[PDB]
Every structure is written in C-alpha cells, then in structure tokens.
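The structure appears below as structure tokens.
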Amino acid sequence: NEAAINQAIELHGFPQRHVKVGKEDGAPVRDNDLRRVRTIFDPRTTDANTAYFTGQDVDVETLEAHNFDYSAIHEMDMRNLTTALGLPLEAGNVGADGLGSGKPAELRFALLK
Amino acid sequence: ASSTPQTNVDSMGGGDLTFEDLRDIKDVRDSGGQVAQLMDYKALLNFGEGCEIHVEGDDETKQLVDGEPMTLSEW
C-alpha cells in the first residue's frame with residue numbers, strides 16, 4: 001500500500017499539462033509538428049512569469065491533481081499494522097479525537113502496561 | 001433426599017465437539033491480526049496483572065518442614 005501511494009503521488013498528486021494542437025474536424029497534425037510545439041512549451045525551459053501567444057487552433061489544457069485521501073489510507077494501514085503488532089495507534093504517529101483523554105485513553109495505556 | 005444427581009444432564013453419546021473445531025481455535029490464535037490481538041488483550045485484562053496467595057489462619061502453623069518453621073503459604 002505504501003508502494004502504491006509512493007507511485008500514485010507522482011502520477012496523481014501533481015497536475016500535468018496537456019497541449020492540444022489543430023482544430024475539431026480540422027487539419028491533420030503529425031509528430032514532427034508536435035516536436036516544434038513541445039520545444040516551445042517545454043517545462044524544462046519554462047519560467048513562472050511566462051506568457052503564451054497563439055492563434056485560435058492551439059490549446060493548453062490541465063490534467064488536475066485528481067485528489068484522493070492517501071492520508072486516510074495511511075491511517076488505515078497504520079491502524080492495521082500497529083494493532084497487529086499489539087502497539088497503540090499513537091505509536092504509528094496517528095491521532096484520534098476523544099481517545100487521547102480520560103478512561104478511553106487510560107485503558108489502552110493499561111493494556112500496553 | 002439423595003447423595004448423587006437424579007435430574008438428567010441433556011448430553012450423552014453425541015448425536016458434541018472435535019479436534020477439528022479445537023484446531024480452528026488454534027488457527028484463530030496463531031494467524032494474528034486485530035482479531036487475535038483483541039482476545040489477547042481480553043486475556044491480559046483478566047490475568048496479566050499477576051496474583052497473590054493467602055491461607056486462612058496460616059500462622060496457627062509454624063511446622064518444622066525441614067528442621068526450621070514454615071507456613072503453608074511459604075510451602
């Protein structure tokens with residue numbers, strides 16, 4: 001599950017840029033054409049302050065960071081592993097509401113002792 | 001009245017459990033996970049804090065068990 005998240009963050013935790021070339025039902029575009037477009041909009045040489053200038057038949061589109069709750073997956077994984085090892089949930093650096101106070105807490109400290 | 005049971009006991013000779021059912025219990029114990037940990041926590045609550053022995057009026061005895069006085073609690 002850790003390996004899954006580690007890979008998934010690189011793909012889905014960050015956006016990506018999708019440059020689209022040509023027109024709907026328009027002229028054909030080929031690899032040697034895209035090679036020039038790629039050279040212009042290259043992330044390797046792009047700076048944050050940049051501006052782009054085009055005709056109407058070039059588009060820049062966004063693959064968003066397609067959000068998922070990897071934090072809650074981490075918490076479930078850690079909940080499983082800690083309690084499987086007999087350790088308290090807190091030993092995995094995972095918090096919970098209420099369960100840090102009073103007899104709800106002190107019982108788990110008793111179990112550990 | 002009487003010195004031995006006269007009311008019956010609802011089980012003899014079977015149709016009530018087997019080594020197979022007992023080996024399922026062994027598997028639940030040894031296969032780990034949260035399931036095993038809860039029953040182990042249950043055992044630790046009931047028995048994990050230790051025990052103490054007393055004997056009622058023990059010191060009325062100071063018996064020479066091996067040439068020197070002892071109590072039953074010591075024994």
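No value in this document is a laboratory result; all are computed from the given coordinates. In this analysis, Cβ positions are derived from the backbone assuming ideal geometry, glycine residues included, and neighbour counts consider all displayed protein chains.
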Can you give the helix-only mean residue ellipticity at 222 nm for the protein assembly as shown, where every DSSP H stretch with n ≥ 4 adds -39500 (n - 2.57) and the sum goes over all residues, rounded to the nearest 500 deg cm²/dmol? -11500 deg cm²/dmol
Which one of A:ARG17, A:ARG79, A:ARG30 has the biggest mean-square fluctuation once chain A is modelled by GNM with Cα springs under 10 Å? A:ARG30
Between the helical axis of A:31-40 and the dominant principal axis of chain A, each derived from Cα atoms, what acute angle in degrees is found, rounded to the nearest 10? 70 degrees
Which residue, A:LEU63, A:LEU34, B:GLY57, has the largest displacement toward the positive end of the dipole of the protein assembly as shown when charges sit on each Cβ (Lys, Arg +1; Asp, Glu -1)? A:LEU34
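Computed FRET efficiency, Cβ-Cβ of A:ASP31 and A:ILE5, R0 30 Å: what is it to the nearest 0.05?
Values: r = 35 Å, r/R0 = 1.16.
The value I calculate is 0.30.
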Label-point separation (nm) for B:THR7 and B:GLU49, each offset 7 Å from Cα along Cα-to-Cβ? 3.5 nm
Pairing the Cα long axis of helix A:70-84 with the longest principal axis of chain A, what angle in degrees results, from 0 to 90 and rounded to the nearest 10? 30 degrees
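For Cα pairs less than 8 Å apart in space and 6+ apart in sequence, what is the mean separation divided by the residue count of chain A, i.e. the relative contact order in percent? Could you put the intermediate results ahead of the total?
Numbers: 65 pairs, mean separation 35.2, N = 113.
In percent, rounded to a whole number, it is 31.
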GNM top mover of A:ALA48, A:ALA96, A:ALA65 - chain A, alpha-carbon springs below 10 Å: A:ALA48
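Give the residue list of GluC sites (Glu not before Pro) in region A:1-105 that are DSSP loop and have at most 15 other beta-carbon atoms within 10 angstrom. Display every interim value, and only then the final one.
Values: sites: A:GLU2, A:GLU10, A:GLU24, A:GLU61, A:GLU64, A:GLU75, A:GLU90; in loops: A:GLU24, A:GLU64.
Qualifying residues, ordered by number: A:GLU24, A:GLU64.
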Say each of A:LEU89 and A:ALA48 gets a label point 7 Å from the Cα, pointing the same way as Cα to Cβ; how far apart are those two points in nm? 3.8 nm
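Take every Cα-Cα pair in the protein assembly as shown and report what % of them are more than 24 Å apart. Intermediate results must be reported in sequence, preceding the final value.
Details: 12948 of 17578 pairs.
More than 24 Å apart: 74 percent of the Cα pairs in the protein assembly as shown.
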Classify chain B as rounded, prolate or oblate, taking a ≥ b ≥ c as the square roots of the eigenvalues of its Cα gyration tensor: rounded when a/c is under 1.5, otherwise prolate if a/b is larger than b/c and oblate if not. oblate
Using a 10 Å cut-off on Cβ to Cβ distances, tally the other chain neighbours for every residue of B:33-44 and report the average as a whole number. 3
Measuring from the longest principal axis of the C-alpha atoms of chain A, the long axis of helix A:102-112 (C-alpha) lies at a number of degrees, nearest 10, equal to 80 degrees
